[PDB]
Each structure stands twice: as C-alpha cells, then as structure tokens.
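Asks: Input: one structure, supplied below.
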Amino acid sequence: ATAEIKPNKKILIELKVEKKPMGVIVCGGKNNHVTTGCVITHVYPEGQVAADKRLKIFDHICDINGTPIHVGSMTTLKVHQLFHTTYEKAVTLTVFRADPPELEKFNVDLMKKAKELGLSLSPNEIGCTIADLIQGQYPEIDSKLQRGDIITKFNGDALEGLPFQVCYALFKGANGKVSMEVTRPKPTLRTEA
Amino acid sequence: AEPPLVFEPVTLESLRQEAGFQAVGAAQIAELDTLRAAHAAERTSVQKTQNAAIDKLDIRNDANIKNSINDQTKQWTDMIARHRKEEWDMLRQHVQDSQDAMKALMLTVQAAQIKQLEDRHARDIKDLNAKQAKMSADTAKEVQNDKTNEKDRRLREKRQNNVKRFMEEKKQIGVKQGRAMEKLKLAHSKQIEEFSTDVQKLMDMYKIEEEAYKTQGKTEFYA
C-alpha cells in the first residue's frame, strides 16, 4: 500500500483520507497555463496531504483513485475538483517527483496604484503560492498569474520559507513599482486520454 | 447530407447556452452580480481600513504588532467565510430551482436530435427507392433492346430476381439505421448520467471547499 516515493520514479501510494479535505493547491487543465500534467504547488498543514507527510511541492500527480490525471482533456475546474471531492478510504495515487524537479522560472513586473493587488497568498517553503486571484483589477496578473503560480520574490525580496507576518507586511507596503519572480511547473507529460 | 450526421453532445455547459434556459439563467446571473456587487463593496471597504492602518508600523518584525496584523488576518478571513457561504448558498439554491427544468431541456434537445436523425434516415430510404426505381426502369428498357410476347419470360424472371435484391437492400439498411438509432440513444443515456453526476460533484466540491476553508484561511492573507 504505502511506499517510499523516490524521485524520478512513479510510486503508487495509498493515502488515508476518510471524507477529509486534502488541502492542496494544484495546477492543471486545458484552459490552464500548466498543460503538461497535474502538479502540487502548495500543501496545507491542516489538510490530509500534509497529514500524510509524503507530498512536497512540485510532485506530478499522474493518477488519482484509479483515474489517470490528464490535464489536456479536462478543464481547470475539473482537475481542481479531483482534490476537492469526498473520499471514504485511502485514495490510490501514482505520484512522480523529480530531482531536479521539472520547472520553468519566469518573472513579472508592474506598478502599483491606490486599488489593492487582488492576490491571496499562502506562504510555503518555496515561496507564496497564489490561493485566489481577482479578475478585473491590474490586468497583468490576469494574463500571467494563476491560482497555483508561486511567487518567490517581491520588491527584490525572496519569500522562501518566511514567517506569515513578514510576508503580509511587505506585500502590504505597495506604494510604487513591483517585481515578482514566479515559478510555474512545466513537467514532462506522462499520461494519455 | 452526404456524410452521416454528427451531433454535438448535450452537456451542462451546452444547456446554459440554449435558448430556453435564457429567461431563467439571466435572472440567476443577475442575482449573483448584485450579491457580488454587495461583496465587492465590502472587501473594498475592509481593504481601505486595513491598508490605512498597516501604514502605521521598520523591518524588526518581532514586536507586538504580530498580534495586531494577525488580528487583521483573522477578521478579514472571518468576513470572507461569510462572503463565500452566502455565495455557495445562492449557487446551490440556483441548482435546486433550475434542476428539474434543465433535465427537461436535455430530454427535449436530445429528442430534437432523434427527429433530425429520423428525418435523415427517411431521406436515405427515399434515395434507395429512387435508385431502385431507376433500376426497374433500366431492366424494362434493356428488355426492349434485346430480342430472342415470346421474350417476356426473361423480364418477369428479372423482376423476380430484383425484388429479392430490393427486399434485401431494405432489410440491411434498416439494420444499419436501427444501429445508428440505438447508438445515438445510448449517447443520450450517458449524457443524462454525466449531467446528474457533474452536478453532484459540484455540490460536493462546495461542501469540501467550505469545510477546508475554516483551517485554511488562517494560512492566507490578502494583498
């Protein structure tokens, strides 16, 4: 059932859920920026995924309860719904972590006005993963950022494994130019419709 | 047409865009935008106050301002829980009101496809009959060409041999048409299945989004 999940190898795990929220932010979908698979970008501590203590960030979920996770034939809402559905027992997943983990690193910039930013951030060990993005304000993020896109820098300040209070403060500062370094997963495709 | 009809599948997304659902879906969408207008004003108001107070209080980040900013990161998340509960409440309500009517539209749209195919099948039969009528004419005209009342035995025998060819063609095309009909109808049965389950998954997802948020919004702040 439960395995070791060594990187760069597909390991089939059996994770006990029992109607409990998994608490993960995933990216995937045909209408999504991540079109090459489903990848965890954030794990919440109160959820069952952190309760499993086996899934770090940038792990490609290829299968989920005997269901191959192909992002090409599913909308982003359908992939997100997989992780936000009730499950009675241990869920069977095929997970593919890598060393080095496959990822593309790009950058973003803009100027701020006062109009808030419209991003709900959840600090991670990697950065600050976007949990909710408001459309209709500051259109640049609308065409570049998404729920699941992790922010690793702000005003030149890295957000790697930082306390909650510090990230809140420096994001609250605004008042001018802005610059964020982002990381999006571009994994090797590993399924078929 | 020349190729067989290919029907677009009847999904939940396709129904929203149908003509009958419009009088209902517009009113539902209208309710959401007003309530979202109510929500949008309130976060704007809460953002003004929070962003106006945080300007007061440096890079020490060890002071007694930690309980103050997580006071903000507490009250704002409590408000957002209230917002999203109001939203999910309305969405589920919209599903209950429209639920029976949407089942009805899918049945009616699918019925339309059945009639479309039925008509297509009717034209195919008329086409076969035309081909066969010309066949009968070609056999009579050819009997007038050759010679051997003394030669009428071969034409009647050709007629006995064509009715058999005709009766078989009608038999086999009906078989093909009936399979097309059965396949189409099965498509519809699966559509009704995936419609019902997608709605069930939606509601469940709301339940689990709602539940997970209580221990998650504490780990989130708004920028």
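Identifiers in the structure tokens: chain A, B, ... in order shown; residue index from 1 per chain; ligand index from 1 in order shown.
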Pull out every residue of chain A sitting within 10 Å of chain B, counting only C-alpha atoms, and send them as a VMD selection string.
Replies: chain A and resid 19 to 24 44 to 47 77 to 78 80 to 86 114 to 124 128 to 133 163 to 174
Asks: Which residue is closest to residue A:15? Choose from A:89, A:34, A:59, A:71 and count only C-alpha atoms.
Replies: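 Using only C-alpha atoms, residue A:15 sits closest to A:89.
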Asks: Tell me, which residues of chain B carry DSSP alpha helix (DSSP H), written as a PyMOL selection string?
Replies: chain B and resi 12-16+22-53+66-145+152-214
Asks: Using only C-alpha atoms, find the one residue out of A:141, A:51, A:159, A:39 that sits nearest to residue A:103.
Replies: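 So, comparing all the options, the nearest one is A:39.
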Asks: If you count only C-alpha atoms, which residues fall within 9 Å of stretch 61-65 of chain A, apart from same-chain ones fewer than 2 positions away, as an mmCIF file with N, CA, C and O atoms, in the first residue's frame?
Replies:
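Printed below is selection-v3.cif as written:
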```cif
data_model
loop_
_atom_site.group_PDB
_atom_site.id
_atom_site.type_symbol
_atom_site.label_atom_id
_atom_site.label_comp_id
_atom_site.auth_asym_id
_atom_site.auth_seq_id
_atom_site.Cartn_x
_atom_site.Cartn_y
_atom_site.Cartn_z
ATOM 1 N N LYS A 10 7.789 6.560 -10.772
ATOM 2 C CA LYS A 10 6.358 6.586 -10.473
ATOM 3 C C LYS A 10 6.062 5.621 -9.328
ATOM 4 O O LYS A 10 6.233 4.407 -9.474
ATOM 5 N N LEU A 12 3.207 4.295 -6.490
ATOM 6 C CA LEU A 12 1.779 4.198 -6.198
ATOM 7 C C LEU A 12 1.575 4.187 -4.686
ATOM 8 O O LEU A 12 1.977 3.239 -4.001
ATOM 9 N N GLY A 37 0.485 18.315 -17.235
ATOM 10 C CA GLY A 37 0.250 17.425 -16.114
ATOM 11 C C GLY A 37 -0.295 18.186 -14.921
ATOM 12 O O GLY A 37 -0.469 19.401 -14.953
ATOM 13 N N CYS A 38 -0.572 17.430 -13.860
ATOM 14 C CA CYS A 38 -1.067 17.982 -12.602
ATOM 15 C C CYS A 38 0.057 17.996 -11.568
ATOM 16 O O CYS A 38 0.653 16.950 -11.288
ATOM 17 N N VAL A 39 0.349 19.176 -11.006
ATOM 18 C CA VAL A 39 1.459 19.354 -10.071
ATOM 19 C C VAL A 39 0.986 20.110 -8.833
ATOM 20 O O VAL A 39 0.282 21.122 -8.943
ATOM 21 N N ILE A 40 1.332 19.588 -7.654
ATOM 22 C CA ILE A 40 1.080 20.298 -6.403
ATOM 23 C C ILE A 40 1.976 21.527 -6.311
ATOM 24 O O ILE A 40 3.196 21.448 -6.511
ATOM 25 N N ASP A 59 5.315 17.858 -7.210
ATOM 26 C CA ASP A 59 5.116 16.425 -7.375
ATOM 27 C C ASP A 59 3.998 16.225 -8.394
ATOM 28 O O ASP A 59 2.897 16.760 -8.216
ATOM 29 N N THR A 67 -7.827 6.867 -11.507
ATOM 30 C CA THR A 67 -8.167 7.793 -12.570
ATOM 31 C C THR A 67 -6.897 8.454 -13.083
ATOM 32 O O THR A 67 -6.247 9.198 -12.332
ATOM 33 N N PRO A 68 -6.509 8.223 -14.336
ATOM 34 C CA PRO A 68 -5.339 8.916 -14.896
ATOM 35 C C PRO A 68 -5.599 10.412 -15.015
ATOM 36 O O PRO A 68 -6.628 10.835 -15.545
ATOM 37 N N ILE A 69 -4.687 11.213 -14.466
ATOM 38 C CA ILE A 69 -4.874 12.665 -14.401
ATOM 39 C C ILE A 69 -4.213 13.253 -15.646
ATOM 40 O O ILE A 69 -3.026 13.590 -15.661
ATOM 41 N N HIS A 70 -5.022 13.422 -16.690
ATOM 42 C CA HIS A 70 -4.624 14.109 -17.908
ATOM 43 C C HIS A 70 -5.257 15.486 -17.895
ATOM 44 O O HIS A 70 -6.482 15.617 -17.808
ATOM 45 N N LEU A 82 -10.972 17.275 -8.503
ATOM 46 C CA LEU A 82 -10.457 15.971 -8.097
ATOM 47 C C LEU A 82 -9.933 16.002 -6.674
ATOM 48 O O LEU A 82 -10.127 15.050 -5.910
ATOM 49 N N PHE A 83 -9.285 17.098 -6.302
ATOM 50 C CA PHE A 83 -8.672 17.273 -4.995
ATOM 51 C C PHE A 83 -9.641 17.862 -3.979
ATOM 52 O O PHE A 83 -9.309 17.964 -2.795
ATOM 53 N N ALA A 90 -8.615 5.173 1.879
ATOM 54 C CA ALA A 90 -7.316 5.516 1.323
ATOM 55 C C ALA A 90 -7.424 5.653 -0.190
ATOM 56 O O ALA A 90 -7.968 4.774 -0.864
ATOM 57 N N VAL A 91 -6.928 6.764 -0.722
ATOM 58 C CA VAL A 91 -7.003 7.036 -2.155
ATOM 59 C C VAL A 91 -5.725 6.554 -2.832
ATOM 60 O O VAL A 91 -4.615 6.780 -2.332
ATOM 61 N N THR A 92 -5.875 5.880 -3.975
ATOM 62 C CA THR A 92 -4.744 5.335 -4.728
ATOM 63 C C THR A 92 -4.229 6.371 -5.728
ATOM 64 O O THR A 92 -4.934 6.737 -6.672
ATOM 65 N N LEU A 93 -3.004 6.855 -5.513
ATOM 66 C CA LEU A 93 -2.363 7.814 -6.401
ATOM 67 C C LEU A 93 -1.087 7.252 -6.995
ATOM 68 O O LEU A 93 -0.371 6.490 -6.346
ATOM 69 N N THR A 94 -0.780 7.684 -8.215
ATOM 70 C CA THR A 94 0.526 7.462 -8.823
ATOM 71 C C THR A 94 1.189 8.836 -8.892
ATOM 72 O O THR A 94 0.710 9.729 -9.600
ATOM 73 N N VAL A 95 2.252 9.013 -8.116
ATOM 74 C CA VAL A 95 2.941 10.289 -7.965
ATOM 75 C C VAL A 95 4.331 10.181 -8.588
ATOM 76 O O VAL A 95 4.991 9.142 -8.467
ATOM 77 N N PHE A 96 4.765 11.243 -9.279
ATOM 78 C CA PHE A 96 6.077 11.315 -9.947
ATOM 79 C C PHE A 96 6.773 12.610 -9.517
ATOM 80 O O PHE A 96 6.549 13.668 -10.113
ATOM 81 N N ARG A 97 7.603 12.526 -8.475
ATOM 82 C CA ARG A 97 8.513 13.595 -8.072
ATOM 83 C C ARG A 97 9.830 13.453 -8.831
ATOM 84 O O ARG A 97 10.161 12.382 -9.343
ATOM 85 N N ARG A 190 3.055 12.663 -18.941
ATOM 86 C CA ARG A 190 3.213 11.259 -18.581
ATOM 87 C C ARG A 190 1.914 10.456 -18.641
ATOM 88 O O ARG A 190 1.852 9.374 -18.044
ATOM 89 N N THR A 191 0.874 10.943 -19.332
ATOM 90 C CA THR A 191 -0.397 10.222 -19.459
ATOM 91 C C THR A 191 -0.964 10.384 -20.876
ATOM 92 O O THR A 191 -0.323 10.962 -21.759
#
```
Asks: Residues at most 12 Å from residue B:179, counting only C-alpha atoms, excluding those fewer than 6 positions away in the same chain, as a PyMOL selection string?
Replies: chain B and resi 117+121+172-173+185-186
Asks: Within 12 Å of residue B:95, counting only C-alpha atoms, which residues show up once you throw out same-chain ones fewer than 5 positions away? Write them as a VMD selection string, please.
Replies: chain B and resid 12 24 to 25 28 88 to 90 100 to 103 196 198 to 200 202 to 203
Asks: Take the residues that were just selected and, keeping N, CA and C atoms, output them as a compact mmCIF listing (two decimals), in the first residue's frame.
Replies:
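New file again21.txt:
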```txt
# COMPACT_ATOMS: atom_id res chain seq x y z
N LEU B 12 -23.84 20.03 -19.59
CA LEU B 12 -24.34 21.10 -18.73
C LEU B 12 -23.97 22.46 -19.32
N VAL B 24 -34.33 32.08 -17.39
CA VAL B 24 -34.03 31.68 -16.02
C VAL B 24 -32.58 31.98 -15.65
N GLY B 25 -31.66 31.57 -16.53
CA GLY B 25 -30.24 31.76 -16.26
C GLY B 25 -29.80 33.21 -16.18
N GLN B 28 -30.81 34.37 -12.68
CA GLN B 28 -29.86 33.82 -11.73
C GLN B 28 -28.53 34.56 -11.79
N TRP B 88 -22.07 30.28 -1.94
CA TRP B 88 -22.39 28.87 -2.12
C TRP B 88 -23.86 28.59 -1.84
N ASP B 89 -24.43 29.27 -0.83
CA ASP B 89 -25.86 29.14 -0.55
C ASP B 89 -26.69 29.47 -1.79
N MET B 90 -26.39 30.60 -2.45
CA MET B 90 -27.14 31.03 -3.63
C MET B 90 -26.97 30.07 -4.80
N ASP B 100 -34.95 20.70 -12.12
CA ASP B 100 -35.96 19.97 -12.88
C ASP B 100 -36.08 20.49 -14.31
N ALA B 101 -36.00 21.82 -14.50
CA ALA B 101 -36.10 22.41 -15.83
C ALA B 101 -34.94 22.02 -16.74
N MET B 102 -33.73 21.92 -16.19
CA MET B 102 -32.61 21.50 -17.01
C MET B 102 -32.74 20.06 -17.48
N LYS B 103 -33.18 19.16 -16.59
CA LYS B 103 -33.43 17.79 -17.02
C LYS B 103 -34.39 17.81 -18.21
N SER B 196 -26.13 14.41 -14.37
CA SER B 196 -26.50 14.27 -12.98
C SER B 196 -25.27 14.19 -12.07
N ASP B 198 -22.15 15.26 -12.59
CA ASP B 198 -21.37 16.50 -12.58
C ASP B 198 -21.97 17.50 -11.59
N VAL B 199 -23.29 17.61 -11.56
CA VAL B 199 -23.98 18.43 -10.57
C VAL B 199 -23.69 17.92 -9.16
N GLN B 200 -23.78 16.60 -8.95
CA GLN B 200 -23.47 16.04 -7.63
C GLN B 200 -22.04 16.38 -7.21
N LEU B 202 -20.32 18.89 -8.19
CA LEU B 202 -20.25 20.32 -7.92
C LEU B 202 -20.64 20.63 -6.50
N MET B 203 -21.82 20.16 -6.09
CA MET B 203 -22.29 20.40 -4.73
C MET B 203 -21.28 19.89 -3.72
```
Asks: If you run DSSP on this backbone, which residues of stretch 65-108 of chain A come out as strand (DSSP E or B), and could you give them as a list in words?
Replies: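 Here is the list: residues 68, 90, 91, 92, 93, 94, 95, 96, 97, 104, 105, 106, 107 and 108 of chain A.
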Asks: May I have the selected residues written with N, CA and C atoms, as an mmCIF file, in the first residue's frame?
Replies:
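Wrote it out as selection_34.cif, contents follow:
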```
data_model
loop_
_atom_site.group_PDB
_atom_site.id
_atom_site.type_symbol
_atom_site.label_atom_id
_atom_site.label_comp_id
_atom_site.auth_asym_id
_atom_site.auth_seq_id
_atom_site.Cartn_x
_atom_site.Cartn_y
_atom_site.Cartn_z
ATOM 1 N N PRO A 68 -6.509 8.223 -14.336
ATOM 2 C CA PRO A 68 -5.339 8.916 -14.896
ATOM 3 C C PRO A 68 -5.599 10.412 -15.015
ATOM 4 N N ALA A 90 -8.615 5.173 1.879
ATOM 5 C CA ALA A 90 -7.316 5.516 1.323
ATOM 6 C C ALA A 90 -7.424 5.653 -0.190
ATOM 7 N N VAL A 91 -6.928 6.764 -0.722
ATOM 8 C CA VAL A 91 -7.003 7.036 -2.155
ATOM 9 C C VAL A 91 -5.725 6.554 -2.832
ATOM 10 N N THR A 92 -5.875 5.880 -3.975
ATOM 11 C CA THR A 92 -4.744 5.335 -4.728
ATOM 12 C C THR A 92 -4.229 6.371 -5.728
ATOM 13 N N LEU A 93 -3.004 6.855 -5.513
ATOM 14 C CA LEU A 93 -2.363 7.814 -6.401
ATOM 15 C C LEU A 93 -1.087 7.252 -6.995
ATOM 16 N N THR A 94 -0.780 7.684 -8.215
ATOM 17 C CA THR A 94 0.526 7.462 -8.823
ATOM 18 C C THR A 94 1.189 8.836 -8.892
ATOM 19 N N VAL A 95 2.252 9.013 -8.116
ATOM 20 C CA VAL A 95 2.941 10.289 -7.965
ATOM 21 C C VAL A 95 4.331 10.181 -8.588
ATOM 22 N N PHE A 96 4.765 11.243 -9.279
ATOM 23 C CA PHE A 96 6.077 11.315 -9.947
ATOM 24 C C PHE A 96 6.773 12.610 -9.517
ATOM 25 N N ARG A 97 7.603 12.526 -8.475
ATOM 26 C CA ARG A 97 8.513 13.595 -8.072
ATOM 27 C C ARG A 97 9.830 13.453 -8.831
ATOM 28 N N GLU A 104 9.831 25.680 -14.890
ATOM 29 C CA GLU A 104 10.234 26.866 -15.621
ATOM 30 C C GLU A 104 10.120 28.068 -14.695
ATOM 31 N N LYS A 105 11.109 28.949 -14.753
ATOM 32 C CA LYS A 105 11.142 30.129 -13.907
ATOM 33 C C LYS A 105 11.103 31.350 -14.809
ATOM 34 N N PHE A 106 10.077 32.169 -14.632
ATOM 35 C CA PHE A 106 9.902 33.417 -15.359
ATOM 36 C C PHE A 106 9.807 34.555 -14.342
ATOM 37 N N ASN A 107 9.503 35.752 -14.833
ATOM 38 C CA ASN A 107 9.444 36.929 -13.983
ATOM 39 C C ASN A 107 8.207 37.751 -14.345
ATOM 40 N N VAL A 108 7.814 38.647 -13.432
ATOM 41 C CA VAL A 108 6.668 39.535 -13.625
ATOM 42 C C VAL A 108 6.999 40.899 -13.022
#
```
